[PDB]
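Colleague: Following this: a sequence and the matching experimental structure.
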Amino acid sequence: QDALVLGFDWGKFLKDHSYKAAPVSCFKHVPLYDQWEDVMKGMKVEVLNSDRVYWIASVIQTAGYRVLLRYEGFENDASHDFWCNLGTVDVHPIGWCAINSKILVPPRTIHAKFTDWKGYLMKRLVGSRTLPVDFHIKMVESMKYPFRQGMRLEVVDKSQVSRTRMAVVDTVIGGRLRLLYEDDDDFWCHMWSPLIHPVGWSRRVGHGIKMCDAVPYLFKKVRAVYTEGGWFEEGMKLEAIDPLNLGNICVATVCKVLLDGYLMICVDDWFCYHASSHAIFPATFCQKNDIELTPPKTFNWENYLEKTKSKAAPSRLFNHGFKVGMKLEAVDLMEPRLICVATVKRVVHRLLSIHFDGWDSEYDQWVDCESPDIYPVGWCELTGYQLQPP
């Protein structure tokens, strides 16, 4: 028992501490997102009986992809409750045993409760919901990814974030890509990462670049931006999450206007943000929202604009269910191969502060609520990815 070290168990973690998990419906980029919440408490499934025979269980609690199940017949007895990740093969809709010549057997723990188990189950199933038709089928289908090993793309260079660099796709897992540079070092991101781009992008838009190809339609397209009046102009001041230090929201400047609504932003090296990005904010955003602003190398915006003879980028140029204390799995964007137990520490409109459980607060990351680098509880289990414990 003590020999079998399988790593982090969300179940043992969440039971002890009465924690809430961000639900699957908060994450648009994950498997089963579009089939979810036809998952709810009291839903009935056929599952393996562990005390190959199956039995019926009911959802007591949900945490990301994982459901806490209670075998039918236990009623209020919670001592045999068990967790099930809904991305596994051995959870089924009611009726599945009948079509697959399988047999329903009560757990040995409660088998002597009733003689007429069939009648008991009938009374328990009247008006019950079960899993969708083709639920696991629609899931393995959504997890055939457009990005394949061998596809070439442009990725911002971690060592010089003001240029892109060529990379070949190496591994695809759950929409996450492992990248290898054209010229032992590697890079992990999500297929929706604003960091990756089709070949010919940088030259087209005016982005610095070090210097078969994945085609434009494989890549997440950005939002159109509407504004009455002028655009962003070089020299305009704002606030931006520092890409090199994601715990920090910094005093920043529009350093270059590129094509297609893209901007090179500098901290007062340059980094490209789209104008629709949620990682840029109008001057005084942090002050209005009780977020520590990182000043240039007692900061005050009016005084700064004055000392520097600058203007603030106008507010009109800038453009879910998460709650403080919710658990999730978060990429450590400083080492993106690592996905870790995390907690939502702050919710400020669209912005989340994600805290890595066990790690110091300096390691906290600001990310948008729709970031592709945060995942529900059970996600690493569902895809086969390794989760880092607290």
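Modeller: Great, that's in hand. Numbering: from 1, shown residues only.

Colleague: Measure how buried the nearest residue to residue 10 once chain neighbours are set aside is and give me the count.
Modeller: Spatial nearest neighbour of residue 10, chain neighbours left out: residue 377 (5.3 Å); criterion: Cβ to Cβ, 6 or more residues apart in numbering. C-beta: built from backbone N, CA, C; applies to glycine. Residues within reach of residue 377, counting by other Cβ atoms under 10 Å, total 28.

Colleague: From the chain's centroid, how far away is stretch 305-323?
Modeller: Chain-centre distance of stretch 305-323: 26 Å, with Cα atoms, centre = their mean, to the nearest Å.

Colleague: re the thing from before, how about the residue nearest to residue 10, what does it touch?
Modeller: Contacts for residue 377 (Cβ atoms under 8 Å, 6 or more residues apart in numbering) come out as 10, 14, 21, 22, 63, 64, 65, 66, 327, 328, 329.

Colleague: who does residue 374 bridge with?
Modeller: Beta-bridge partners recorded for residue 374 (DSSP bridges): residue 330.

Colleague: Just the buried subset of the contacts of residue 377, please.
Modeller: Neighbour-count burial (16 or more other Cβ atoms under 10 Å) is assigned, among the contacts of residue 377, to 10, 14, 21, 22, 63, 64, 65, 66, 327, 328, 329.

Colleague: From those residues, which land in strands?
Modeller: Counting by DSSP state E, the buried ones among the contacts of residue 377 place 63, 66, 327, 328, 329 in strands.

Colleague: need the contact list for the nearest residue to residue 142 once chain neighbours are set aside.
Modeller: Using Cβ to Cβ, 6+ apart and skipping the chain neighbours, the partner closest in space to residue 142 is residue 31 (5.5 Å). The contact partners of residue 31, by Cβ under 8 Å, 6+ apart, come to 87, 139, 142, 143, 174, 382, 383.

Colleague: Now for the fourth one: which residues touch it?
Modeller: When you say that, I think you mean residue 143. Contact analysis of residue 143 by Cβ under 8 Å, 6+ apart lists 31, 174, 383.

Colleague: Please give the element, helix or strand, for the first one.
Modeller: Under the assignment given by DSSP states H and E, residue 31 is not contained in any helix or strand.

Colleague: closest to residue 191 among the buried ones among the contacts of residue 377?
Modeller: Nearest to residue 191 among those is residue 329, at 17.0 Å by Cβ to Cβ.

Colleague: Surely the closest one and residue 380 touch.
Modeller: Yes: contact criterion Cβ atoms under 8 Å: residue 329 and residue 380 qualify, at 5.7 Å.

Colleague: what residues are shared contacts of these two?
Modeller: With Cβ under 8 Å, 6+ apart, residue 329 and residue 380 have common neighbours 339, 387.

Colleague: Nearest to residue 288, out of the buried ones among the contacts of residue 377: which one, please.
Modeller: When the buried ones among the contacts of residue 377 are compared for distance to residue 288 (Cβ to Cβ), residue 22 wins out at 25.4 Å.

Colleague: Double-check that closest one against residue 62; I have them as touching.
Modeller: No: applying Cβ under 8 Å, one finds residue 22 not in contact with residue 62, separated by 11.1 Å.

Colleague: Between these two, which contacts overlap?
Modeller: Shared contacts of residue 22 and residue 62 (Cβ under 8 Å, 6+ apart): none.

Colleague: Output the contacts of residue 143 as TSV; include the columns distance to residue 193.
Modeller: Formatted as TSV, these follow (distance: Cβ to Cβ, whole Å):
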residue	distance to residue 193
31	18
174	13
383	17
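
Colleague: which among these gets closest to residue 265?
Modeller: Within these, distances to residue 265 taken as Cβ to Cβ reach their minimum at residue 174, with 30.1 Å.
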